[PDB]
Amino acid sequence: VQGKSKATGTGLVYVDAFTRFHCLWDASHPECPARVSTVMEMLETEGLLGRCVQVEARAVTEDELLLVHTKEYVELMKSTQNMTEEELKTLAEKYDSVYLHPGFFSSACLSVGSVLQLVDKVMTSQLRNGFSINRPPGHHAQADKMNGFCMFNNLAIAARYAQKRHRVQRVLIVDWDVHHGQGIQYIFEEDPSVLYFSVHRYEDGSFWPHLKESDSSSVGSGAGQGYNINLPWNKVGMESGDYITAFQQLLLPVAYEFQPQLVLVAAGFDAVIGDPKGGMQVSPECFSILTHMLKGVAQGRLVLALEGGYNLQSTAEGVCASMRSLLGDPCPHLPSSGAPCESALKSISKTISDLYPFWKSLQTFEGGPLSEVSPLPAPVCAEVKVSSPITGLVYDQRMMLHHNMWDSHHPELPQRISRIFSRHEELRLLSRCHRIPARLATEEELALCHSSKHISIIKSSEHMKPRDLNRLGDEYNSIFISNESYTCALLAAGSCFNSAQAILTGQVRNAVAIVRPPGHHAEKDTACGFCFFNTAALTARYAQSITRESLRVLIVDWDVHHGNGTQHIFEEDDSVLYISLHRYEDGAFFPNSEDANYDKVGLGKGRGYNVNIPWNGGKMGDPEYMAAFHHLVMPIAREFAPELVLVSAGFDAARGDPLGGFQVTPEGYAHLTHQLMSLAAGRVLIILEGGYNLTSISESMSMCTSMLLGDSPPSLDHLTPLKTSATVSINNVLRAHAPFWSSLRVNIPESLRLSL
């Protein structure tokens, strides 16, 4: 309703104070000033620094420190300011892996303050997110002691400060640093207002600080029981897939259930390739994906503070990759496979199992065994130049000329598109988009999927008299035709081709297609369910045509009906992946086929490249559509590695639909579009299929375009609990597809057999 006031813009805190302290006894200490100065050099070299709002650093106050620390500790730390090298060494010796400096106090104060300054701007809707390039780090510091190069616990102090001075209820702290932030774990052990997550290297205590508490078994005590999550890696050399799958199957479900009003990140880059202490092999590009994922929960309220990362290049690279996500730039192509390794899956599963009682979101999994067979190939896509994102928009009023001369009360109304378009202009989304001109799809182009018999039969209709047009329409299941119905289905496909062209030639990064008549029901030789040509399927082959025959295309169908037309066109094709969320009702719901079931996994060389998530018994909404994305849609999509993502966007699955009978809010469609934007380097094309409530479609589709333009994900309702008829529908797809995609394999025991 107001856009000049909208909070956009990333704050960045950096002060020379951060370089003023170092180790006096060891000239080669990993925690040094070059860590932060290098990050700054690169941020400028990349052009990222100038794109950040400059936020001033402030010193932390004694009372702010005392929200987590003791007065005895604070005063001792304060006293270090006026101590001899010797006095400092003697005190430093008293703690695990710590050095001290005359100037260490000053910098540690500014290192805390800097985070609070960002919390201020984010919480008061001034900036959307922020990142401090601060040292000394925080996550290891405890109430009464220094530890692992930390003096004060920056993010712990910030979590409390948020709750106190900004009256924030729930705070999520994500620690992707390669070390376990025990200092944080401790502070919020018994606090259930602060949920703390920590993926770290462990190898059964062999890796520093060698704590028993760093295991997944340690889930927090008292009131805070289940609000402490440890993901310990017990094998080195973890990659992108190992962190993405962890976030998908474990952290995102937990985070969406917990509903925080703020997300704090202990952004350590010691897991990046080339870090001497981490021993991990995560490419920096991965952090672009993780940062994006966290934008969903806490509705954009995201603050990152620098923790570890001891290789000057690797850290600067990691910071840049995270900074790009905050600044709203498109995600990169993943430089490694989207598949996890067995040791990762074992660590993820043992953590899901260790937290199963406390989280209704994790309770989704029934338990038992999912396949461990050699999975399908998990390829990598060629790097695409990260550029200023542009959202394309295509609409032509000529697509309204297709109508029913008999039943004027037919749900596929011409108004559907003009209404969606109106809302796009009212909300000003249209003026923020790049207008792509609609065109007519050629017969050669229609040939890509459809028979010459089916093409000529619909082509001919541009001349038929109305009685011939009533007769012709009864020759099909649910089809109505008119003298313009052919030109309309030609524009619907033509437009979508011009979008995919813009996207692939880098003219735009993503686009939206307000088109009618729909297409996901149309087959090689027959029209069906208001569809003439499979507009999504033809786009996929037009894309494969302008690139290379092998171009991997993902087709996500969120329309309430299963896209029978799509499913069959690519049933044998391994280059195109088709995922469909639909009301099945054991075969009762349209197009009444058993093809829409979880046991149909594609056939031939396309075995595993076809996913169906069938809905039985209930009004499925956001809780069920989201959990399907976390556990199934996103893990499969990621392992497949698409180069183009196509949405068969039907809002007939929305709350208020006459034909759907499902309760998916417009805010829910926003979060589904958001999730999909981390794939294909953000190369997402949104195509209108179903949706029959003029109001519900205009609102829900505008929400998608808002997400494409990089606006913060909206506030959601409650996502736990979900229909027991859905929990069972999900676990069916998991079992059906686990032999093909390693990202699914959450082999957990019989924790289900407990509580009711």
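Residue numbers here begin at 1 and follow the sequence given.
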- Using the B-factors recorded in the PDB entry, average over the C-alpha atoms of 321-329 and of 182-190, then report which stretch comes out higher. 182-190
- Message: Which is higher on mean Cα B factor in this entry, 401-409 or 293-301?
- Response: 401-409
- Query: Per the entry, which of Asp468, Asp120, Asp242, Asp275 tops the list for Cα B factor?
  - Reply: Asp468
- So among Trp208, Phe247, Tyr227, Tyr310, who wins on Cα B-factor in the entry? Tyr227
- Query: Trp25's Cα B-factor: lowest, middle or highest third of the chain?
  - Reply: middle
- Message: For the chain shown, is the CA B-factor of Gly50 in the lowest, middle or highest third of its modelled residues?
- Response: lowest
- Task: Just say lowest, middle or highest third for the CA B-factor of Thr19 relative to the other modelled residues in its chain.
- Result: lowest
- Relative to the other modelled residues in the chain, which third contains the C-alpha temperature factor of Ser648: lowest, middle or highest? middle
- In terms of the CA temperature factor given in the entry, to which third of its chain does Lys723 belong: lowest, middle or highest? highest
